[PDB]
Amino acid sequence: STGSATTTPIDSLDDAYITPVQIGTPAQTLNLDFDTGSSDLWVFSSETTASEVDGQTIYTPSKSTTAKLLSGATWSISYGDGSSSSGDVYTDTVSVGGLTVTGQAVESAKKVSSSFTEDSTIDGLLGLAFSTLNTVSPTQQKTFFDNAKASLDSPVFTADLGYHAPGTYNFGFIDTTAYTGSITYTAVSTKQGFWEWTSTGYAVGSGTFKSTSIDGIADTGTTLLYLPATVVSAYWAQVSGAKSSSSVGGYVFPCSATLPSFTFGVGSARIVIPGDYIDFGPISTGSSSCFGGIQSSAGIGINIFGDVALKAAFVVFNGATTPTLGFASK
């Protein structure tokens, strides 16, 4: 089997991407944030505290003839941005782009934190990291990819995120028309539950490539590119007027600037992030200070190849017995 679904930016900055997902019988379609940095499929629901729902589409398990309460199961998650959610668990039929999994754990939110409530465009998350990170207790549950893997033509999914434009998530096949050149594969460590890999270095604009190992995670659920402070300082030093602002929470730059590109290494191959992809717009409405898309990871504990980096590439998440990641230009 295969599946193919379009993923669409939630706003003009590409702050996140939503993909339609069918849950239940008859189908209830929710727009979920596919997140290769977490492993819970959770949704706003008929059980979510009413004051914490503000425009999202909800899953109502009582209206699904295939929904079954997973007795005793609860979940609770906190994300790197400080947001969180928790609730109980159903199993139900879940389909993405024509690919169907029966008995998928659908984690129904009873509580969500304010940032979820405030984002009317995201109806929940669909985790695509490794199932060892799934938070369901007392019986940990499998991700949608893990449940579908054995049925897929090839045990892979691909992320093709657009810049200010829709893109595609495919399951079970590699669309050879979707990228240029060849796909370069690189090793993955699953020891932390992430799609964790080692970039071979970077370049700023037309500058020379610096060979240096950068361990980080391929995370479609993080907006920006978070890298070591040395790397980020080298980038922003090429932008007149750029500075790290403690009050804003990162590097800012004059909105009048033209940003240089940033290149990262995948083995001997190179992925080029155009400068425009690094512009996240005014820090507040009407400001001439703009927020940078490359930020320091020093306060995180891990480097994150988020959407800013991934949307410059066609990315293969290879779930073979030994997982690997593949990157191609496009």
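The opening residue of the sequence shown carries number 1 in the entry's author numbering; numbering runs sequentially from there.
Even for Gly, the Cβ is constructed at its ideal location relative to N, Cα and C.
Close-in-space but distant-in-sequence residues of the same chain around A73 (CB under 6 Å, 5 per side omitted): Here residue 73 corresponds to residue number 73 of the sequence shown, with the count starting at 1. Within the same chain, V89, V136 come within 6 Å of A73 by CB-CB distance, once the 5 residues on both sides are set aside.
Rounded C-alpha distance that separates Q140 from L70: Translated into the one-based positions of the sequence shown, residue 140 becomes position 140. Translated into the one-based positions of the sequence shown, residue 70 becomes position 70. Their Cα atoms are separated by approximately 11 Å.
Validate contact between the region 257-270 and the region 191-205 using beta carbons, cut 8 Å, 3 pairs: The region 257-270, when compared against the region 191-205, does touch it at the 8 Å Cβ threshold.
7 Å Cβ cutoff met for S45 and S108: Stepping through the sequence shown from its first residue, residue 45 is reached at position 45. Stepping through the sequence shown from its first residue, residue 108 is reached at position 108. With contacts defined as CB atoms closer than 7 Å, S45 and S108 qualify as a contacting pair.
Runs of alpha helix (DSSP H) lying entirely within the region 100-138, each at least 4 residues, in chain order: If we require 4 residues or more, the alpha helix (DSSP H) runs fully inside the region 100-138 come out as 114-118.
Range of the contiguous alpha helix (DSSP H) that encloses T230: In the sequence shown, residue 230 corresponds to position 230, counting from 1. Annotation for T230: the continuous alpha helix (DSSP H) segment containing it runs 229-236.
Nonlocal neighbours in the same chain, by C-beta distance under 6 Å from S115, ignoring five residues either side: Taking the first residue of the sequence shown as position 1, residue 115 is located at position 115. Cβ-Cβ distances below 6 Å link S115 to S83 in the same chain, with the five nearest sequence neighbours on each side left out; the list follows chain order.
Integer-rounded CB distance, given that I18 should sit under 8 Å from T8: On the sequence shown, residue 8 is found 8 positions in, with the first residue counted as 1. On the sequence shown, residue 18 is found 18 positions in, with the first residue counted as 1. Right, their Cβ atoms sit about 6 Å apart.
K191 (DSSP reduced to helix, strand or coil): Here residue 191 refers to the residue found at position 191 when the sequence shown is read from its first residue. Under the three-state reduction of DSSP, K191 is assigned to coil, being neither helix nor strand.
Residue burial classification, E196 (beta-carbon count within 10 angstroms, cutoff 16): As a working note, residue 196 is residue 196 in the sequence shown. With 16 or more other Cβ atoms within 10 Å, it is buried.
Inter-residue spacing [alpha-carbon to alpha-carbon] between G216 and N31: Reading the sequence shown from its first residue, position 216 is the one you call residue 216. Reading the sequence shown from its first residue, position 31 is the one you call residue 31. The alpha-carbon atoms of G216 and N31 are separated by roughly 27 Å.
Close Cβ partners of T190 (< 8 Å) along its chain, the five nearest in sequence each way excluded: Residue 190 sits at position 190 when you count from the first residue of the sequence shown. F130, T132, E196, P323.
Per-residue DSSP class, three states only, for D279: If you number the sequence shown from 1, residue 279 lands on position 279. Three-state DSSP puts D279 in a strand.
Rounded straight-line distance, which links the Cα of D81 to that of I183: Along the sequence shown, read from residue 1 onward, the residue named residue 183 stands at position 183. Along the sequence shown, read from residue 1 onward, the residue named residue 81 stands at position 81. For the pair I183 and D81, the Cα-to-Cα distance works out to about 31 Å.
Between the CA atoms of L310 and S39 - distance to the nearest angstrom: In the sequence shown, residue 39 corresponds to position 39, counting from 1. In the sequence shown, residue 310 corresponds to position 310, counting from 1. When only Cα atoms are considered, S39 and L310 end up about 19 Å apart.
Beta-carbon spacing of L224, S297 below 7 Å: Numbered from 1 along the sequence shown, position 224 holds the residue referred to as residue 224. Numbered from 1 along the sequence shown, position 297 holds the residue referred to as residue 297. With respect to the 7 Å criterion, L224 and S297 are not classified as neighbours on the basis of their beta carbons.
Three-state secondary structure assigned by DSSP to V43: For the purposes of this step, residue 43 is taken as residue 43 along the sequence shown, with counting starting at 1. Residue state, collapsed to three classes: strand.
Nearest neighbour of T212, chosen from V106, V231, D219 [CA to CA]: The count along the sequence shown starts at 1 and reaches residue 212 at position 212. Ranked by how close their Cα comes to the Cα of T212, the residues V106, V231, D219 have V231 in first place.
Residue nearest to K210 in terms of C-alpha spacing, selected from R270, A165, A328: Here residue 210 refers to the residue found at position 210 of the sequence shown. Per the Cα distances, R270.
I122, buried or exposed, once every other Cβ within 10 Å from all chains shown has been counted against 16: Position 122 of the sequence shown, counted from the first residue, corresponds to residue 122. It counts as buried.
Cβ-Cβ separation, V101 to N147 (assumed contact under 8 Å), whole Å: As a working mapping, residue 147 is identified with position 147 in the sequence shown. As a working mapping, residue 101 is identified with position 101 in the sequence shown. Contact between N147 and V101 holds, since their C-beta atoms are separated by about 5 Å, short of 8 Å.
For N31, the residue or residues it bridges with in DSSP: Numbered from its first residue, the sequence shown carries residue 31 at position 31. DSSP lists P20 as the bridge partner or partners of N31.
Burial state of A328 (16 or more Cβ within 10 Å): Here residue 328 refers to the residue found at position 328 of the sequence shown. Buried, by the Cβ-count rule.
Buried versus exposed, by CB contacts within 10 Å (16 or more), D14: The residue labelled residue 14 in the question sits at position 14 within the sequence shown. Classification for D14: buried.
Residue of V252, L325, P20 minimising C-alpha distance to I174: On the sequence shown, position 174 is the one that residue 174 refers to. For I174, the closest C-alpha among the options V252, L325, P20 is that of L325.
Coil, strand or helix - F173 by DSSP: Counting from 1 along the sequence shown, the entry for residue 173 is found at position 173. Correct three-state label for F173: coil.
Range covered by the beta strand (DSSP E) that runs through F262: Position 262 of the sequence shown holds residue 262. In this chain, the beta strand (DSSP E) harbouring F262 covers 262-266.
Option nearest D35 by Cα separation, candidates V94, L128, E52: Here the question's residue 35 lines up with position 35 in the sequence shown. With respect to the C-alpha of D35, the residue from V94, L128, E52 having the closest C-alpha is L128.
Beta-carbon proximity of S120 to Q56, cut-off 7 Å: Mapped onto the sequence shown, residue 120 falls at position 120. Mapped onto the sequence shown, residue 56 falls at position 56. In contact: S120 and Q56 (Cβ atoms closer than 7 Å).
Three-state secondary structure (DSSP) of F209: Reading the sequence shown from its first residue, position 209 is the one you call residue 209. If DSSP states are grouped into helix, strand and coil, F209 belongs with coil.
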